[PDB]
Amino acid sequence: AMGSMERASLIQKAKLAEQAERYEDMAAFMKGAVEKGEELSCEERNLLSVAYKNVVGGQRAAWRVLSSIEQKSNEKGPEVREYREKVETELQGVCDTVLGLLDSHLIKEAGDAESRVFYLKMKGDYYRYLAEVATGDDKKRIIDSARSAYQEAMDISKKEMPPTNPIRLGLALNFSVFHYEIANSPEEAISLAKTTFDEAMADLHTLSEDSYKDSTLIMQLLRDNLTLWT
Amino acid sequence: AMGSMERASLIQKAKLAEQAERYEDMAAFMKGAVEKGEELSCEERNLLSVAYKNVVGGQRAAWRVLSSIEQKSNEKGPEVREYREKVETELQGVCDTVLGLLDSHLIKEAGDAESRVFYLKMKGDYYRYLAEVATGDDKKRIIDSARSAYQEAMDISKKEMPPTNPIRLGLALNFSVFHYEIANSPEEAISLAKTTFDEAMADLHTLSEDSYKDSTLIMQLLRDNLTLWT
Amino acid sequence: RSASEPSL
Amino acid sequence: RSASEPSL
């Protein structure tokens with residue numbers, strides 16, 4: 001599974017599942033595609049990311065609802081904790097699946113900056129989702145794994161991509177969220193978001209109209225966060 | 001499965017899953033509750049209905065997206081048809097599960113009009129979702145199973161419930177949709193929707209403010225449909 | 001498409 | 001909650 005399906009048919013079905021908003025199916029088609037062992041193209045990396053972002057986003061939203069209910073019950077039976085744990089375990093499982101694809105063998109075959117930064121950012125992201133539900137000292141090690149992946153991605157991005165590149169911008173955005181929401185470092189988050197915004201603003205002149213729209217969509221998220229954080 | 005969980009814990013978890021918008025989990029908790037073999041209360045019937053309506057509604061929405069793509073390809077490989085069939089099969093499976101709960105043994109233990117009409121309406125509804133994807137002559141028999149369930153529900157509802165009862169109103173609404181969208185009988189659909197609207201309008205005077213809001217919410221759907229159909 | 005009974 | 005990179 002999905003070992004008998006052609007790679008091209010798995011990519012085609014992931015695009016159909018995305019159109020149908022069937023993200024669990026999309027993720028499983030893309031996991032099958034990765035497991036064929038060939039590197040992924042830019043569009044395929046994006047399908048992989050879209051699929052798992054939507055799966056884990058649903059799980060995160062549900063976990064938050066349940067955690068809030070559980071925290072209120074702690075101002076009456078094991079059910080709320082049991083069910084929050086069930087959703088939590090499922091969420092951890094999807095993060096471990098993603099991290100497993102990256103480790104076997106997406107990151108090690110990724111030589112170009114665009115692919116390597118994309119995957120190292122993904123690694124940061126899924127350890128960050130693990131961290132959101134972790135308690136410890138599991139929690140410290142998972143936070144460190146996120147920070148280390150983001151930091152390697154950031155170092156390559158700053159050497160190899162222009163400050164407007166949407167992947168570099170989305171990496172910096174997610175690392176700033178890691179700092180504010182996970183690492184209890186709101187000043188580092190704000191500094192990162194401001195420096196990344198300003199260096200992209202300075203480079204917009206180099207862009208075509210379409211590239212400018214791509215870059216400014218992510219810059220607007222940095223600005224929204226800075227408005228929330230200050 | 002979920003044979004080891006207490007009934008009350010299954011109901012509690014279905015309510016938590018509904019809050020978390022985890023409808024697949026909600027459906028499985030409610031299926032476990034039904035399989036405990038005790039009749040369901042009014043609130044429990046509603047949880048059962050909410051859970052499966054949302055599951056099958058997601059499947060129906062995806063099937064429609066895929067069917068439309070497939071029909072366009074027929075103005076280029078087996079993938080679109082294969083994946084539409086996969087979603088179709090999953091959808092049929094969820095309808096067969098619901099119909100199985102009703103047949104084993106929800107309908108036969110349901111003696112009061114409120115429960116019996118609710119379940120016979122559900123039976124109409126899930127055969128109608130089967131019919132939406134059926135081709136035949138499977139299709140005729142499935143259409144007949146829907147019509148027969150709706151008709152039995154309607155006969156009890158008209159003898160035993162006031163014209164404003166929200167279940168009677170939702171039954172008449174869904175049977176009118178069966179007539180317009182499934183049975184190629186737009187005139188029967190319009191007649192049913194108009195008669196049901198007018199008889200409820202005539203009985204609103206009997207209602208409390210809260211009951212009136214419940215009844216008029218479903219009447220407004222009958223009116224929206226009549227505006228669409230005329 | 002016609003509207004059917006909502007999830008309430 | 002802060003906004004992170006969207007699904008695009």
# chains A, B, ... in the order shown; residues from 1 in each chain; ligands from 1
>>> residues_around(residues="residue 4 of chain C", least_positions_apart="5", cutoff="10 Å", atoms="only C-alpha atoms", output="JSON list (two decimals) with N, CA and C atoms, in the first residue's frame")
[["chain", "number", "residue", "atom", "x", "y", "z"],
["B", 125, "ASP", "N", -33.71, 8.29, 4.05],
["B", 125, "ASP", "CA", -32.55, 9.13, 3.75],
["B", 125, "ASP", "C", -31.33, 8.33, 3.24],
["B", 170, "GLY", "N", -39.21, 17.70, 8.92],
["B", 170, "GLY", "CA", -37.94, 17.27, 8.24],
["B", 170, "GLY", "C", -38.14, 16.05, 7.36],
["B", 171, "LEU", "N", -39.02, 15.13, 7.79],
["B", 171, "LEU", "CA", -39.42, 14.01, 6.91],
["B", 171, "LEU", "C", -40.04, 14.52, 5.62],
["B", 172, "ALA", "N", -41.02, 15.42, 5.73],
["B", 172, "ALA", "CA", -41.70, 15.89, 4.52],
["B", 172, "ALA", "C", -40.73, 16.64, 3.63],
["B", 173, "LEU", "N", -39.88, 17.46, 4.22],
["B", 173, "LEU", "CA", -38.81, 18.13, 3.46],
["B", 173, "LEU", "C", -37.96, 17.10, 2.72],
["B", 174, "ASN", "N", -37.43, 16.09, 3.44],
["B", 174, "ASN", "CA", -36.57, 15.12, 2.72],
["B", 174, "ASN", "C", -37.32, 14.27, 1.73],
["B", 175, "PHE", "N", -38.58, 13.92, 2.00],
["B", 175, "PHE", "CA", -39.32, 13.17, 0.96],
["B", 175, "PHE", "C", -39.52, 14.06, -0.29],
["B", 176, "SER", "N", -39.74, 15.37, -0.07],
["B", 176, "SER", "CA", -39.95, 16.28, -1.25],
["B", 176, "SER", "C", -38.66, 16.33, -2.05],
["B", 177, "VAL", "N", -37.51, 16.28, -1.37],
["B", 177, "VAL", "CA", -36.21, 16.29, -2.08],
["B", 177, "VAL", "C", -36.03, 14.95, -2.84],
["B", 178, "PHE", "N", -36.45, 13.88, -2.20],
["B", 178, "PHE", "CA", -36.45, 12.53, -2.86],
["B", 178, "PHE", "C", -37.28, 12.69, -4.17],
["B", 218, "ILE", "N", -37.45, 24.86, 9.76],
["B", 218, "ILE", "CA", -37.62, 23.82, 8.69],
["B", 218, "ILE", "C", -38.59, 24.29, 7.65],
["B", 221, "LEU", "N", -36.86, 26.14, 4.93],
["B", 221, "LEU", "CA", -36.27, 25.30, 3.92],
["B", 221, "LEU", "C", -37.26, 24.83, 2.89],
["B", 222, "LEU", "N", -38.52, 24.48, 3.29],
["B", 222, "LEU", "CA", -39.53, 24.14, 2.31],
["B", 222, "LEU", "C", -39.76, 25.30, 1.35],
["B", 225, "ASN", "N", -36.86, 25.77, -1.07],
["B", 225, "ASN", "CA", -36.95, 24.81, -2.16],
["B", 225, "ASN", "C", -38.03, 25.19, -3.16]]
>>> select_by_dssp(residues="segment 133-179 of chain B", states="alpha helix (DSSP H)", output="VMD selection string")
chain B and resid 133 138 to 160 166 to 177
>>> interface_residues(of="chain A", to="chain B", cutoff="10 Å", atoms="only C-alpha atoms", output="VMD selection string")
chain A and resid 8 to 10 12 to 14 16 to 22 25 58 to 59 61 to 66 69 77 to 80 82 to 84 87
>>> write_last_selection(atoms="N, CA and C atoms", output="PDB file, in the first residue's frame")
ATOM      1  N   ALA A   8       2.745   7.930 -11.146  1.00  0.00           N
ATOM      2  CA  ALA A   8       2.018   9.032 -11.788  1.00  0.00           C
ATOM      3  C   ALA A   8       0.507   8.963 -11.392  1.00  0.00           C
ATOM      4  N   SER A   9      -0.019   7.739 -11.251  1.00  0.00           N
ATOM      5  CA  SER A   9      -1.421   7.613 -10.838  1.00  0.00           C
ATOM      6  C   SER A   9      -1.651   8.072  -9.390  1.00  0.00           C
ATOM      7  N   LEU A  10      -0.670   7.846  -8.510  1.00  0.00           N
ATOM      8  CA  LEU A  10      -0.736   8.369  -7.132  1.00  0.00           C
ATOM      9  C   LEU A  10      -0.740   9.914  -7.127  1.00  0.00           C
ATOM     10  N   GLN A  12      -1.697  11.877  -9.618  1.00  0.00           N
ATOM     11  CA  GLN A  12      -2.942  12.309 -10.236  1.00  0.00           C
ATOM     12  C   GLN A  12      -4.080  12.208  -9.212  1.00  0.00           C
ATOM     13  N   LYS A  13      -4.121  11.067  -8.501  1.00  0.00           N
ATOM     14  CA  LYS A  13      -5.185  10.869  -7.462  1.00  0.00           C
ATOM     15  C   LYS A  13      -4.998  11.859  -6.295  1.00  0.00           C
ATOM     16  N   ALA A  14      -3.754  12.219  -5.931  1.00  0.00           N
ATOM     17  CA  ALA A  14      -3.616  13.217  -4.857  1.00  0.00           C
ATOM     18  C   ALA A  14      -4.212  14.550  -5.301  1.00  0.00           C
ATOM     19  N   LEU A  16      -6.717  14.908  -7.393  1.00  0.00           N
ATOM     20  CA  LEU A  16      -8.215  14.714  -7.399  1.00  0.00           C
ATOM     21  C   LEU A  16      -8.676  14.769  -5.955  1.00  0.00           C
ATOM     22  N   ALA A  17      -7.907  14.182  -5.026  1.00  0.00           N
ATOM     23  CA  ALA A  17      -8.371  14.174  -3.631  1.00  0.00           C
ATOM     24  C   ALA A  17      -8.336  15.622  -3.135  1.00  0.00           C
ATOM     25  N   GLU A  18      -7.335  16.399  -3.536  1.00  0.00           N
ATOM     26  CA  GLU A  18      -7.246  17.795  -3.067  1.00  0.00           C
ATOM     27  C   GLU A  18      -8.516  18.581  -3.581  1.00  0.00           C
ATOM     28  N   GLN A  19      -8.891  18.315  -4.823  1.00  0.00           N
ATOM     29  CA  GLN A  19     -10.081  18.983  -5.387  1.00  0.00           C
ATOM     30  C   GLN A  19     -11.346  18.590  -4.631  1.00  0.00           C
ATOM     31  N   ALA A  20     -11.378  17.362  -4.122  1.00  0.00           N
ATOM     32  CA  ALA A  20     -12.515  16.846  -3.404  1.00  0.00           C
ATOM     33  C   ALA A  20     -12.454  17.134  -1.916  1.00  0.00           C
ATOM     34  N   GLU A  21     -11.441  17.872  -1.501  1.00  0.00           N
ATOM     35  CA  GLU A  21     -11.134  18.096  -0.092  1.00  0.00           C
ATOM     36  C   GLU A  21     -11.044  16.797   0.772  1.00  0.00           C
ATOM     37  N   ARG A  22     -10.472  15.730   0.207  1.00  0.00           N
ATOM     38  CA  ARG A  22     -10.329  14.447   0.879  1.00  0.00           C
ATOM     39  C   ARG A  22      -8.854  14.376   1.280  1.00  0.00           C
ATOM     40  N   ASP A  25      -7.109  10.953   2.168  1.00  0.00           N
ATOM     41  CA  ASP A  25      -6.767  10.218   0.987  1.00  0.00           C
ATOM     42  C   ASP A  25      -5.566  10.891   0.286  1.00  0.00           C
ATOM     43  N   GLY A  58      -6.665  19.546  11.054  1.00  0.00           N
ATOM     44  CA  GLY A  58      -7.922  19.063  11.621  1.00  0.00           C
ATOM     45  C   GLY A  58      -7.700  18.434  13.010  1.00  0.00           C
ATOM     46  N   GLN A  59      -6.582  17.685  13.155  1.00  0.00           N
ATOM     47  CA  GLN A  59      -6.311  16.929  14.377  1.00  0.00           C
ATOM     48  C   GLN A  59      -5.968  18.009  15.442  1.00  0.00           C
ATOM     49  N   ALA A  61      -6.872  21.157  15.588  1.00  0.00           N
ATOM     50  CA  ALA A  61      -8.074  21.914  15.953  1.00  0.00           C
ATOM     51  C   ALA A  61      -8.870  21.057  16.918  1.00  0.00           C
ATOM     52  N   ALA A  62      -9.030  19.779  16.623  1.00  0.00           N
ATOM     53  CA  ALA A  62      -9.842  18.944  17.559  1.00  0.00           C
ATOM     54  C   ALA A  62      -9.144  18.797  18.927  1.00  0.00           C
ATOM     55  N   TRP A  63      -7.823  18.602  18.908  1.00  0.00           N
ATOM     56  CA  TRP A  63      -7.062  18.439  20.162  1.00  0.00           C
ATOM     57  C   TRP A  63      -7.262  19.720  21.021  1.00  0.00           C
ATOM     58  N   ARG A  64      -7.207  20.897  20.388  1.00  0.00           N
ATOM     59  CA  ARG A  64      -7.393  22.117  21.160  1.00  0.00           C
ATOM     60  C   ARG A  64      -8.759  22.203  21.831  1.00  0.00           C
ATOM     61  N   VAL A  65      -9.782  21.823  21.105  1.00  0.00           N
ATOM     62  CA  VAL A  65     -11.164  21.815  21.634  1.00  0.00           C
ATOM     63  C   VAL A  65     -11.186  20.892  22.866  1.00  0.00           C
ATOM     64  N   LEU A  66     -10.685  19.680  22.727  1.00  0.00           N
ATOM     65  CA  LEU A  66     -10.697  18.685  23.796  1.00  0.00           C
ATOM     66  C   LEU A  66      -9.846  19.095  24.994  1.00  0.00           C
ATOM     67  N   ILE A  69     -11.691  21.710  26.974  1.00  0.00           N
ATOM     68  CA  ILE A  69     -12.740  21.028  27.817  1.00  0.00           C
ATOM     69  C   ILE A  69     -12.139  20.309  29.042  1.00  0.00           C
ATOM     70  N   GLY A  77     -15.088  11.758  35.586  1.00  0.00           N
ATOM     71  CA  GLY A  77     -14.910  10.514  34.841  1.00  0.00           C
ATOM     72  C   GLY A  77     -13.722  10.686  33.886  1.00  0.00           C
ATOM     73  N   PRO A  78     -13.203   9.577  33.396  1.00  0.00           N
ATOM     74  CA  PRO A  78     -12.001   9.550  32.598  1.00  0.00           C
ATOM     75  C   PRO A  78     -12.271   9.934  31.135  1.00  0.00           C
ATOM     76  N   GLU A  79     -13.533  10.166  30.711  1.00  0.00           N
ATOM     77  CA  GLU A  79     -13.840  10.196  29.274  1.00  0.00           C
ATOM     78  C   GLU A  79     -13.144  11.327  28.529  1.00  0.00           C
ATOM     79  N   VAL A  80     -13.116  12.524  29.099  1.00  0.00           N
ATOM     80  CA  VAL A  80     -12.546  13.662  28.370  1.00  0.00           C
ATOM     81  C   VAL A  80     -11.050  13.444  28.149  1.00  0.00           C
ATOM     82  N   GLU A  82      -9.502  10.517  28.189  1.00  0.00           N
ATOM     83  CA  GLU A  82      -9.309   9.366  27.290  1.00  0.00           C
ATOM     84  C   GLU A  82      -9.423   9.794  25.826  1.00  0.00           C
ATOM     85  N   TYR A  83     -10.436  10.616  25.566  1.00  0.00           N
ATOM     86  CA  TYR A  83     -10.700  10.958  24.171  1.00  0.00           C
ATOM     87  C   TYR A  83      -9.669  11.999  23.692  1.00  0.00           C
ATOM     88  N   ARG A  84      -9.280  12.918  24.582  1.00  0.00           N
ATOM     89  CA  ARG A  84      -8.191  13.838  24.182  1.00  0.00           C
ATOM     90  C   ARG A  84      -6.946  13.003  23.871  1.00  0.00           C
ATOM     91  N   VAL A  87      -7.176  11.338  20.371  1.00  0.00           N
ATOM     92  CA  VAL A  87      -6.905  12.315  19.282  1.00  0.00           C
ATOM     93  C   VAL A  87      -5.411  12.667  19.288  1.00  0.00           C
TER      94      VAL A  87
END
>>> interface_residues(of="chain C", to="chain B", cutoff="6 Å", atoms="only C-alpha atoms", output="number ranges by chain")
C: 2, 4-5, 7
>>> write_last_selection(atoms="C-alpha atoms", output="PDB file, in the first residue's frame")
ATOM      1  CA  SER C   2     -32.306  21.313  -3.141  1.00  0.00           C
ATOM      2  CA  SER C   4     -32.616  18.789   2.868  1.00  0.00           C
ATOM      3  CA  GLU C   5     -32.975  18.612   6.626  1.00  0.00           C
ATOM      4  CA  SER C   7     -27.624  18.802  10.930  1.00  0.00           C
TER       5      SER C   7
END
